[PDB]
Each structure stands twice: as C-alpha cells, then as structure tokens.
C-alpha cells in the first residue's frame, strides 16, 4: 500500500503434525515420517520428523536406518502424501478468506498480500494471531507466521520464529539484516551457491553491492545475480500471484539397480499409470523419462508433441526415451520415472 505487507504462513513440521492430528496419541513422542524405497528392511529416507525427534538430529534427508540408530524407539510412519495434501488444501482455503492475493508456494506454505487489509504492522501482527488461531481451531494445525515488506523477508521472518511462532521484520530491521544476515540463509541460496559466493567474497547480502555485476553474473548466473542485488539494494518487490501446476510425475526406486530394459519397464509403466491418474483431466504435450543413476546422478530425455499425449503414446514414447538413456549412458539405473508438462 505504501509498499507491500506480506504475510507468510508455514505449517509446523507438516507431514508429522498431520499424522499427529490423525492420531493425537502420538503427541509428545518423537514422530518420523518415512519414505521406504523397498530395497531392504528400512531402506529409504526421512521425509520429515517432529521436533521431539528433530532435537536428537533426526530430520528430513537422513536414511531411515540412521534415524532408527539414533532413536530406535521413535514412532516410524510411512509417508501418506495424498492425505497431507488434502489437509493442506483445506487450510489454504482458510487463508484464501483473508486475502484474494494468495500465493501457494508449496504444500505447506503460502504468501498473502495483505497490503489493503491492514495499515502498519500492528494490525498485521494481530491478523497473524488471528490466522494462526483460526487454523489451529479448525484443523488443529500449528503454524508459524512471517511478516515483512516482501516475500523473501516474510519467509525469513518465519524461519526465525519456527516453530509455532510469529515475527515481524519491520523496514528498519530489514536494513540490519541486509548487513547482519548470513547469505546462506537467503531463500534460493543452497550449498552450491553458498560456496560460489564464499569464494567471491560474499558472506552477507550487503556484500553483493561491493562486487561488479558482470563478475557476479559469471559466477552465479544472471537471474540469481539480479535477485540478490535486489534484496541488497532493498528493492525486492516480487508480487504475490496464483501459481498453477506445470508438471506432474512419479518416479520409483527399483529393488535392484539395472540396465536391462525388460527389468526397468514394469517400474516405468507403474510410474506412468500413477502419473496419469494424477494428471486428472489435464492433457500434456510434453513427456520426460527421468532416471537416477547408481551414483545418485540424474539423467533425463524427453519430447514435446504438437498435440496432447494419450496414455498409449506415453507408454510407447517412454520406452524410446528410456532406451535413449541406456544408449547414451553406461551407468546402471537406480530410480526410474516420468514427467508430463505443457498441459493444453
């Protein structure tokens, strides 16, 4: 309004909390949601865990085996994505009743442009307690709210107040963070980028202002360059806009690695059958076969057709692209799947 007022909501340890909601008997105990790859007994990884377990180091990304090694007595539940998704949607609807300007950024977070629903942050903070309280009431889900002048800082405000919290980073505090904040804690800055920036001499957002663009561009790319410089100059003002799915796909892990076409197909087709059920009523013009090689490397191959793709065409083309992969790469394949995009 004078400048945006963004309200960001991020659901606390989502998948695990949902499981808690569906079985409150779990509350207070360490809960670990798992992704069993079927390779052996407990092969796989943790999708997420609640804070009770997270304090002992059990968090998203670690092998289930190491999790059990740390907390052999925690409750281990298999991931139930669809259920979580439906719980997510109902909540997104609640939020949708606090602003038409809503951006569902992921399965458990969203930005709300509340510039014309409040003036000054006090009214914002209160509107956050209002929303937090509302959600807790209707779905018994705790969330963390973040408020600031733009999407990035609202999210940062959230990361700082997790879990079940709420924080406001006023315009004056942004100035402090632009200099105080660790560059790696900036959204979109993963380990790889974090490093490329270290070497360059950037450790705080402020530092991107003292380097020459062209150099910074060649090191982390133009897009990421302008992004950081925007935040640095305190000129980041990306608008909140409704995002719509552009891709739908599934990829499974094989019992054993392989390069034998007939051994891989059953998995590939299974991925297709599920990808299709999920496409719902959407018709894709583009298809990509995706394979994870034995050394966790990802190779893909695809084709865009001038028309929509039928299930039959998907089966036939997928086999061709899979062959193109086996043909152009010697590695064994560990995970195989498909991705459909460019919906009509």
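Take the two forms, find the largest set of C-alpha atoms that superpose within 1.5 Å, and that set is the rigid core. Numbering follows the first chain given and starts at 1.
- Averaged as a root mean square over residues and superposed structures in 8 other deposited structures of this protein, CA distances to the shown form are larger in 188-196; the pair compared was 188-196 and 171-179 with a core fit.
- Larger average C-alpha displacement in 8 other deposited structures of this protein, relative to the shown form after a rigid core fit, is seen for 291-299 when comparing 291-299 with 60-68.
- Mean C-alpha B-factor is higher over 328-336 than over the other stretch, the pair under comparison being 328-336 and 13-21.
- 63-71 and 276-284 differ in mean CA B-factor, and the higher of the two is recorded for 276-284.
- Within the selection 270, 81, 151, 179, the deposited Cα B-factor values reach their highest point at 179.
- Listed residues 155, 226, 134, 250 were ranked by CA B-factor as deposited; 134 comes out on top.
- In the deposited entry, the Cα temperature factor of residue 210 places it in the highest third of its chain's modelled residues.
- Annotation for residue 144: CA B-factor lies in the lowest third of the chain's modelled residues.
- Among all modelled residues in this chain, the alpha-carbon of residue 29 has a temperature factor (C-alpha) in the middle third.
- Residue 201 sits in the highest third of its chain by CA B factor, as recorded in the PDB entry.
- Residue 188 sits in the lowest third of its chain by CA B factor, as recorded in the PDB entry.
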